[PDB]
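See below for the structure under consideration.
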Amino acid sequence: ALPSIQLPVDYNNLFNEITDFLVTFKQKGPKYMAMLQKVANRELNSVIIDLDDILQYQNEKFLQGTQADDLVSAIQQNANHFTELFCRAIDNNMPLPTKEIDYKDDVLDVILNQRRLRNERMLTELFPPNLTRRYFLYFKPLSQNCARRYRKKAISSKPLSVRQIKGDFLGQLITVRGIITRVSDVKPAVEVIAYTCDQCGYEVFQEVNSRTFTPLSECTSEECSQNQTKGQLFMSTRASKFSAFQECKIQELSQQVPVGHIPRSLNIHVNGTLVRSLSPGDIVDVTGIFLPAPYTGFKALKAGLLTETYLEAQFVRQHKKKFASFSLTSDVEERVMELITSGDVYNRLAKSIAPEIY
Amino acid sequence: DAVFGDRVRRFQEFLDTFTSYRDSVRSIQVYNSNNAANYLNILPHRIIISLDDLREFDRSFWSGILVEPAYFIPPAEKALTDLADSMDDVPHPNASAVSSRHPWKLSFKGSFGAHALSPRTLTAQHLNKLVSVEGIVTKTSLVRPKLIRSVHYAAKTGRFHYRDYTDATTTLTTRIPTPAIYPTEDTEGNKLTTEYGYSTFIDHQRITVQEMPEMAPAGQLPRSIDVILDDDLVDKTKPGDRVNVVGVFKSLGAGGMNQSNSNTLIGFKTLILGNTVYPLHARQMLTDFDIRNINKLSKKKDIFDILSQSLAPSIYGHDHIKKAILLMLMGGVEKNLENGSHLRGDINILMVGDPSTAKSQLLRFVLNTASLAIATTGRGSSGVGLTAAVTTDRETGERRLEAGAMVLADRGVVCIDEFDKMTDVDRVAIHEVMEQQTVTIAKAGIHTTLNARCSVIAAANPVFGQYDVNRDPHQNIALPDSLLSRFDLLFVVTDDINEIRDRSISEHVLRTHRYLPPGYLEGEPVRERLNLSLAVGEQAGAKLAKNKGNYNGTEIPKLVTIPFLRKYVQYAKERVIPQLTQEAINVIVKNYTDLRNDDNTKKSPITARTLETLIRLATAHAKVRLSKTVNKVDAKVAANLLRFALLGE
DNA sequence: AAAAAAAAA
Ligand SMILES: Nc1ncnc2c1ncn2[C@@H]1O[C@H](COP(=O)(O)OP(=O)(O)OP(=O)(O)O)[C@@H](O)[C@H]1O
Ligand SMILES: [Mg+2]
Ligand SMILES: [Zn+2]
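Chains as they are written, first to last, in the deposited numbering: chain 7, 4 to 30, 59 to 154, 189 to 423; chain 3, 18 to 56, 89 to 331, 339 to 594, 630 to 740.
Shown next as structure tokens:
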């Protein structure tokens with residue numbers, strides 16, 4: 004069947020270390064407790080985790096002979112599994128709301144409360194956590210000075226070009242640099258899909274992560290599980306959970322292209338609150354996860370092992386420059402005071418446009 | 018069965034006999050280890098064996114490789130992998146990087162004999178045999194990764210599973226095909242999550258190579274063959290580059306032998322799995345005594361005249377044209393500014409004259425002697441396809457740009473004949489490119505700026521059959537003033553009738569046609585030859636065999652051979668970047684002012700561009716004598732050349 | 001998407 008191999012990585016100790024770091028970290060008290068508290072009060076909408084914090088915490092705790100392994104290396108070698116571990120750990124230690132909440136507006140929670148008041152009244190289904198989650202997990206790449214602080218070569222970053230990325234970088238966390246040319250619109254995408262069951266008790270749920278989805282035909286309701294059908298299951302748009310989806314592509318800069326070559330492209334997917342954070346025609350450096358995508362979407366029954374690849378966005382620096390719409394600020398106020406004190410200005414401005422032409 | 022073990026141990030004995038490959042493996046290991054954790090280049094796990102030594106050691110194994118590589122190469126690479134696994138010493142390895150299991154695939158060099166073929170010569174009886182094919186790259190595909198071995202994990206078991214996939218084009222030996230279905234369930238039903246970062250992916254690219262048009266049968270078109278190469282060397286060379294590819298030529302696919310056939314007239318598919326690639330270039341390196349010769353010759357007072365006279369010895373006259381060609385092939389340095397944008401760096405030459413004055417021949421010589429150049433004619437080209445084209449890929453089904461005529465000639469030189477006879481519309485492409493050395497394409501949803509910093513040389517004949525000296529220069533040339541103003545130098549050539557020069561050129565041309573190839577009699581015509589004996593090729632300073640260059644004695648002044656001149660220009664274009672001084676500045680400004688206010692008839696009007704041309708020529712002449720600073724003599728010679736090219740002696 | 005032939009302005 005499937006032969007087995009041994010790897011030096013075991014996730015139990017890593018999960019315990021993750022919990023210890025998330026509970027004990029001191030940079059106000061714990062930062063990671065305050066942000067979770069703000070999430071609980073329905074104030075924050077996204078979570079950012081700084082790998083530099085983990086690196087420095089491990090480096091300073093290595094002074095005592097307790098730590099045995101490194102976690103940022105495992106993050107670099109694999110990311111999505113650690114995303115799942117992080118969301119599980121966060122949901123495990125989610126704090127209590129210390130503030131009032133406008134509880135009537137949460138239609139999803141009202142619907143789930145009605146479902147519970149139905150099911151547990153008769154003495189209930191364990192809803193998956195991703196349906197109940199409200200936050201989003203994002204990562205932040207390290208900084209080169211932090212790496213220079215220590216002897217270890219925990220570098221990452223290094224904004225490779227589009228063509229410099231090769232096949233062995235799949236699954237890691239990488240940074241790319243280039244110009245954005247095409248940005249698509251915002252379109253909602255499903256995360257958890259729910260079906261109404263025609264008053265047959267609990268409403269069956271389904272979860273799909275692939276880009277292709279298939280619906281249900283029969284349900285596990287007890288009276289529907291009876292020897293004759295009781296109502297056809299239907300998909301309910303209100304109960305299901307959605308997420309914003311957007312895709313773009315990035316072009317290599319004219320500087321980095323070797324002579325006699327045509328610049329290449331790279332697709333990129335962005336989900337969550339980072340949607341609409343980039344515009345066509347700018348120089349950026351995106352950090353994210355480099356993931357494969359099946360070729361079966363084209364459905365040609367060819368390319369038995371060839372597959373397409375894309376990047377998943379995690380953090381972006383807009384870079385370039387800002388016009389700012391001449392927003393008023395003190396510094397430019399003293400600058401225009403200097404200009405006023407400069408006296409006649411138009412001749413100087415004419416002199417200052419193109420000194421190259423005489 | 019045991020034949021695999023016997024072959025493996027025979028190859029182990031062969032590797033034990035020759036100690037060079039072990040040294041290479043140790044060097045690559047220590048270099049990789051040093052690159053690992055010391056404050089980006091990584092050497093791929095590939096080694097090249099010279100099968101001449103293998104033939105000198107064991108003829109049976111050599112013949113087995115050269116006849117049936119399928120049953121011989123895998124044991125050899127297995128033995129190499131085992132030797133590497135025994136030699137290396139890494140007591141503290143990583144986790145994801147230790148599972149690469151790269152088989153250390155090989156490369157070959159040496160004499161092949163009857164297996165060094167051409168794309169036309171490949172036939173049925175050469176199948177399943179290691180071969181080396183020569184040709185020119187015509188097109189390439191995109192670099193797409195493909196999967197080999199996937200790693201799976203289940204939370205409950207804690208045991209990481211792995212499944213290995215192989216395709217027809219992945220391995221030499223045909224095995225049972227495997228679909229790309231991801232295993233998501235264990236034998237006991239445990240859920241398996243695919244683990245990225247531990248699986249294996251390798252690059253994939255397909256290229257096509259065709260036989261050279263020169264060595265083709267009369268009245269026949271060139272034919273092409275396709276090459277698959279992966280892992281290393283995946284993005285080497287480019288379209289328009291002479292290559293020699295060594296690999297295994299094998300068939301693949303059912304080819305309609307199953308029920309899918311619609312007619313009985315079905316042929317199989319043939320394809321070559323490349324093992325290594327080499328650049329032909331009809339070599340490009342320089343030795344220590346080469347440097348000594350270059351320096352001692354550059355210390356001479358008359359280097360520029362010798363080099364100018366060394367170009368096309370069979371062309372009589374046109375001395376300053378040869379000098380301009382020499383300055384053009386190794387032109388001035390490019391200047392860039394954070395505020396001044398871009399400054400053009402090379403020089404363009406245009407020639408116009410009456411028929412039969414040796415313009416096309418000199419252009420062909422420049423094409424032959426240049427490091428990189430592309431041949432183009434005005435009538436047989438279209439501007440839309442001359443810069444970029446949109447075509448659909450057969451594999452992916454998408455549409456991607458194809459490089460045009462001068463995009464392939466980036467940082468090279470483009471030679472165009474019948475420039476005046478080209479359609480006016482296509483000229484706009486030149487108007488686009490020569491302006492800023494950048495072509496922008498925007499069509500069918502593709503937006504990209506392509507770099508093209510090539511230099512263009514053109515030759516065109518005047519509107520009339522023969523040049524009219526008594527007429528206006530503008531009305532003698534069909535091209536508009538806008539493009540004529542860009543070209544740095546305008547040269548007009550006429551064959552004035554003079555009995556003395558007629559006699560001299562007549563005896564020279566008659567001397568040329570009485571020539572005999574060495575070692576060949578005069579009674580029979582020139583016959584074709586085979587390739588070099590080696591498929592792959594490779630006391631000091633006391634010989635001067637091909638240094639002095641005076642192969643035959645006919646004049647007191649010296650002459651140098653072409654390959655040494657190519658070596659000289661290669662050295663000069665890289666090792667020297669000169670700077671200018673105020674002494675040359677004084678001469679430049681003085682001669683510019685004198686030329687501009689002389690107020691006499693001239694062939695072409697001048698402007699600020701001519702001074703910039705003078706500066707570029709001064710830089711080029713500062714490069715020609717291998718100096719880091721510009722001397723006023725360079726300014727003087729540039730001024731003299733310009734005055735000839737604009738006034739005439 | 002790009003090359004090449006034909007009738008009308
Ligand atoms: N100075 C010369 N020395 C030797 N051969 C010469 C010289 N001038 C002309 N010829 C000869 O003139 C012939 C004409 O060649 P070619 O057509 O290339 O010349 P061209 O001047 O470029 O002509 P065109 O304008 O018709 O293209 C060639 O065979 C060449 O050898
Ligand atoms: Mg000619
Ligand atoms: Zn029902």
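Beta carbons: idealized from backbone N, C-alpha and C, even for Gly.
| Of all the CB atoms in chain 7, is at least one closer than 9 Å to the CB of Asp-235 (chain 3)? | By one-based count along the second sequence, residue 235 (chain 3) stands at place 186. At a cut-off of 9 Å, the C-beta of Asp-235 (chain 3) has a neighbouring C-beta in chain 7.
| query | Does the beta carbon of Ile-21 (chain 7) sit closer than 9 Å to a beta carbon anywhere in chain 3? | reply | The residue given as residue 21 (chain 7) occupies position 18 in the first sequence. At a cut-off of 9 Å between beta carbons, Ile-21 (chain 7) makes no contact with chain 3.
| said: Suppose the cutoff is 6 Å on Cβ atoms and the five residues either side in sequence are ignored; what does the same chain contact list for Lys-378 (chain 3) look like? | reply: Locating residue 378 (chain 3) in the second sequence gives position 322, counting from the first residue. Correct list, in chain order: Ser-364 and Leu-367.
| message | Going by beta-carbon coordinates alone, are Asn-722 (chain 3) and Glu-674 (chain 3) separated by less than 9 Å? | response | The count along the second sequence starts at 1 and reaches residue 722 (chain 3) at position 631. The count along the second sequence starts at 1 and reaches residue 674 (chain 3) at position 583. Taking 9 Å as the Cβ cut-off, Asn-722 (chain 3) and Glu-674 (chain 3) qualify as a contacting pair.
| message | Quick test of the definition: if touching needs 3 or more C-beta pairs under 8 Å, does the region 315 to 326 of chain 3 touch the region 675 to 687 of chain 3? | response | No, the region 315 to 326 of chain 3 is not in contact with the region 675 to 687 of chain 3.
| message | Is it buried or exposed, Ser-221 (chain 7), if we count other Cβ atoms within 10 angstroms and call 16 or more buried? | response | Taking the first sequence and counting its residues from 1, the one referred to as residue 221 (chain 7) is at position 156. Burial call: buried.
| query | Just checking my contact of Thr-425 (chain 3) with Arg-657 (chain 3) at CB under 8 Å: how many whole Å lie between their CB atoms? | reply | Numbered from 1 along the second sequence, position 369 holds the residue referred to as residue 425 (chain 3). Numbered from 1 along the second sequence, position 566 holds the residue referred to as residue 657 (chain 3). About 7 Å; that satisfies the 8 Å criterion.
| request: Leaving aside the five residues before and after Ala-508 (chain 3) along the sequence, list all residues of the same chain whose C-beta is less than 7 Å from its C-beta, in chain order. | output: As a working note, residue 508 (chain 3) is residue 452 in the second sequence. Counting only Cβ-Cβ distances below 7 Å, and skipping sequence neighbours, we find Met-462, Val-463, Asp-466, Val-489, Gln-493, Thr-494 and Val-495.
| said: Report the start-end ranges of each beta strand (DSSP E) in the region 326 to 380 of chain 7 that is 3 residues or longer and not cut off at the edges. | reply: With a minimum length of 3 residues, the continuous beta strand (DSSP E) runs that stay inside the region 326 to 380 of chain 7 are 330 to 336 and 348 to 358.
| said: With a threshold of 9 Å between beta carbons, is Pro-11 (chain 7) in contact with chain 3? | reply: Here the question's residue 11 (chain 7) lines up with position 8 in the first sequence. Taking Cβ atoms only, chain 3 reaches closer than 9 Å to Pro-11 (chain 7), which makes this a yes.
| C-beta atoms of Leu-67 (chain 7) and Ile-121 (chain 7) nearer than 9 Å | As a first step, residue 67 (chain 7) is located in the first sequence; it is residue number 36 there, counting from the start. As a first step, residue 121 (chain 7) is located in the first sequence; it is residue number 90 there, counting from the start. Result yes, Cβ atoms of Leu-67 (chain 7) and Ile-121 (chain 7) sit closer than 9 Å.
| said: Restricting to Cα atoms, I'd like to know which of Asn-532 (chain 3), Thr-170 (chain 3) and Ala-515 (chain 3) is closest to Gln-522 (chain 3). | reply: Along the second sequence, read from residue 1 onward, the residue named residue 522 (chain 3) stands at position 466. Selected option, being the one with the closest Cα: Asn-532 (chain 3).
| field | Terminal residues of the alpha helix (DSSP H) in which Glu-272 (chain 7) lies | value | Locating residue 272 (chain 7) in the first sequence gives position 207, where the first residue counts as 1. Per DSSP, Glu-272 (chain 7) belongs to no alpha helix (DSSP H); it is in the beta strand (DSSP E), 270 to 272.
| Between the CA atoms of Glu-256 (chain 7) and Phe-307 (chain 7) - distance to the nearest angstrom | Here the question's residue 307 (chain 7) lines up with position 242 in the first sequence. Here the question's residue 256 (chain 7) lines up with position 191 in the first sequence. Their Cα atoms are separated by approximately 6 Å.
| Within 9 Å, strictly: CB atoms of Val-326 (chain 3) and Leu-270 (chain 3) | Here the question's residue 326 (chain 3) lines up with position 277 in the second sequence. Here the question's residue 270 (chain 3) lines up with position 221 in the second sequence. Their beta carbons are not under 9 Å apart, which means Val-326 (chain 3) does not touch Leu-270 (chain 3) by this criterion.
| request: Anything in the region 301 to 319 of chain 7 with a Cβ closer than 8 Å to a Cβ of chain 3? List those residues in chain order, please. | output: Answer set for the region 301 to 319 of chain 7: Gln-316 and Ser-319.
| message | With the cut-off set at 9 Å, would you say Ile-362 (chain 3) and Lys-649 (chain 3) are in Cβ contact? | response | Taking the first residue of the second sequence as position 1, residue 362 (chain 3) is located at position 306. Taking the first residue of the second sequence as position 1, residue 649 (chain 3) is located at position 558. The answer is yes: Cβ separation under 9 Å.
| query | Rounded C-beta distance between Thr-704 (chain 3) and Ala-713 (chain 3)? I'm assuming under 8 Å. | reply | Along the second sequence, one-based indexing puts residue 704 (chain 3) at 613. Along the second sequence, one-based indexing puts residue 713 (chain 3) at 622. Their Cβ separation, rounded to whole angstroms, is 15 Å, which puts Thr-704 (chain 3) and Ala-713 (chain 3) out of contact at 8 Å.
| field | CB of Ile-185 (chain 3) within 9 Å of CB of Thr-219 (chain 3), strictly | value | Here residue 185 (chain 3) is taken as the residue at index 136 of the second sequence, counted from 1. Here residue 219 (chain 3) is taken as the residue at index 170 of the second sequence, counted from 1. The Cβ atoms of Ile-185 (chain 3) and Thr-219 (chain 3) lie no closer than 9 Å to each other.
| task | Using three-state DSSP, classify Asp-250 (chain 7) as helix, strand or coil. | result | As a first step, residue 250 (chain 7) is located in the first sequence; it is residue number 185 there, counting from the start. Collapsing the DSSP output to three states places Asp-250 (chain 7) in coil.
| In chain 7, which residues lie with their C-beta within 7 Å of the C-beta of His-94 (chain 3)? | If you number the second sequence from 1, residue 94 (chain 3) lands on position 45. Chain 7 residues near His-94 (chain 3): none, gap ~13 Å exceeds 7 Å.
| Terminal residues of the alpha helix (DSSP H) in which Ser-50 (chain 3) lies | In the second sequence, counting from the first residue as 1, residue 50 (chain 3) sits at position 33. It spans 37 to 53 - the alpha helix (DSSP H) in which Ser-50 (chain 3) sits, taken as one unbroken run.
| task | On a CA-only basis, which of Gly-436 (chain 3), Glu-491 (chain 3), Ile-513 (chain 3) and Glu-451 (chain 3) is nearest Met-478 (chain 3)? Give me that one, please. | result | Locating residue 478 (chain 3) in the second sequence gives position 422, counting from the first residue. It is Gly-436 (chain 3) whose Cα lies nearest to the Cα of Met-478 (chain 3).
| message | Within the continuous alpha helix (DSSP H) that includes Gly-113 (chain 3), where are the two ends? | response | Looking up residue 113 (chain 3) in the second sequence gives position 64. Run containing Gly-113 (chain 3): 108 to 116, per the alpha helix (DSSP H) assignment.
| request: Please name the residues in the region 240 to 258 of chain 7 whose beta-carbon is closer than 9 Å to at least one beta-carbon of chain 3, in chain order. | output: Flagged, chain order: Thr-246 and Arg-247.
| query | Taking 8 Å as the cut-off, does the CB of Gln-661 (chain 3) come closer than this to any heavy atom belonging to ligand 2? | reply | Locating residue 661 (chain 3) in the second sequence gives position 570, where the first residue counts as 1. For ligand 2, not one heavy atom lies less than 8 Å from the Cβ of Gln-661 (chain 3).
| query | Using 8 Å as the Cβ pair cut-off and three pairs as the minimum, do the region 348 to 358 of chain 7 and the region 395 to 406 of chain 7 touch? | reply | When C-beta atoms of the region 348 to 358 of chain 7 are compared with those of the region 395 to 406 of chain 7, fewer than three pairs fall below 8 Å, so the two segments do not count as touching.
| message | Report the start-end ranges of each alpha helix (DSSP H) in the region 149 to 191 of chain 3 that is 4 residues or longer and not cut off at the edges. | response | The qualifying runs do not exist here; there are none.
| request: Would you mind telling me which residues of chain 3 sit closer than 7 Å to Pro-328 (chain 7), beta carbon to beta carbon, in chain order? | output: As a position in the first sequence, residue 328 (chain 7) is number 263, starting the count at 1. Correct list: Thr-504.
| said: Considering Cα atoms alone, identify which of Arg-382 (chain 7), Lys-386 (chain 7) and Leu-331 (chain 7) is closest to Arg-228 (chain 7). | reply: Taking the first sequence and counting its residues from 1, the one referred to as residue 228 (chain 7) is at position 163. Here the closest residue by C-alpha is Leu-331 (chain 7).
| In terms of residue numbering, what span does the alpha helix (DSSP H) encompassing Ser-395 (chain 7) cover? | The residue you call residue 395 (chain 7) lines up with position 330 of the first sequence. Here the alpha helix (DSSP H) through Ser-395 (chain 7) covers 395 to 406.
| said: Extract the residue ranges of the beta strand (DSSP E) inside the region 342 to 415 of chain 3, only unbroken runs of 3 or more that lie entirely within it. | reply: You should have 391 to 393, 397 to 399 and 405 to 409.
| query | Mind checking whether the beta-carbon of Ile-347 (chain 3) lies closer than 8 Å to any heavy atom of ligand 1? | reply | Taking the second sequence and counting its residues from 1, the one referred to as residue 347 (chain 3) is at position 291. No, the Cβ of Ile-347 (chain 3) stays beyond 8 Å of every heavy atom of ligand 1.
| field | Through-space distance from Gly-232 (chain 7) to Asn-52 (chain 3), alpha-carbon basis | value | Reading the second sequence from its first residue, position 35 is the one you call residue 52 (chain 3). Reading the first sequence from its first residue, position 167 is the one you call residue 232 (chain 7). Each residue's CA atom was taken as its position, placing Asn-52 (chain 3) and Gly-232 (chain 7) some 20 Å apart.
| Exposed or buried, what is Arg-707 (chain 3) when buried is set at 16 or more other beta-carbons lying within 10 Å of its beta-carbon? | On the second sequence, position 616 is the one that residue 707 (chain 3) refers to. Around the CB of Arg-707 (chain 3), 16 or more other CB atoms lie within 10 Å, so the residue is classed as buried.
| request: Could you tell me which of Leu-92 (chain 3), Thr-34 (chain 3) and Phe-31 (chain 3) sits nearest to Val-42 (chain 3), measuring between CA atoms? | output: Position 25 of the second sequence, counting from 1, holds the residue named residue 42 (chain 3). Looking at the Cα atoms, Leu-92 (chain 3) is the closest of the given residues.
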